[PDB]
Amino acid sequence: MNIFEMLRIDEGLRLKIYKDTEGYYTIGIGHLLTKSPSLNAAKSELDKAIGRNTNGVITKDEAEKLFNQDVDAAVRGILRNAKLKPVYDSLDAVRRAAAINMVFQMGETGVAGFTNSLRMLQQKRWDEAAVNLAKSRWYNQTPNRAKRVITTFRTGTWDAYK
């Protein structure tokens, strides 16, 4: 298992514009297009990203392309983040995957707000971090996905994904 396969399971794959769990226009593998309530604005954002007049639909190759870009950007953002980087550096490979999954989902900002959990993870207090992580809007809104990621940090294995 790896980050790509992990996120592919968490996000699914859709080739037509759809609304995410928060009601935002998205496409492909979790690629958020816009927070605006406007489908037009979303189709324009789509065309701008793909580089063609898509008409709200993309191919699988174009989806995988957006996905590669988004994964790379997430990692790169973590590495540029002074709050995140040190935590990320302290983790083992499996757990780094869980850290990227959270950023992919909620943004660097969203994550930066889990200050207490990050500090526990950095200290390798796995069980306590898992409990603290669960006390969040994230966990209450997307419980099954949160549980998988939390299990990952708790155990350092891919068990939740097998």
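Note that residue numbering follows the sequence shown and begins at 1.
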Regarding 105-113 and 125-133, which shows the higher C-alpha temperature factor on average in the entry?
105-113
Please compare 71-79 with 84-92 and say which has the higher mean C-alpha temperature factor in the record.
71-79
Scanning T21, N140, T151, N144 for peak Cα temperature factor in the entry gives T21
Based on the PDB record, which member of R52, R119, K65, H31 exhibits the highest Cα temperature factor?
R52
C-alpha B factor of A42, ranked within the chain: lowest, middle or highest third?
highest
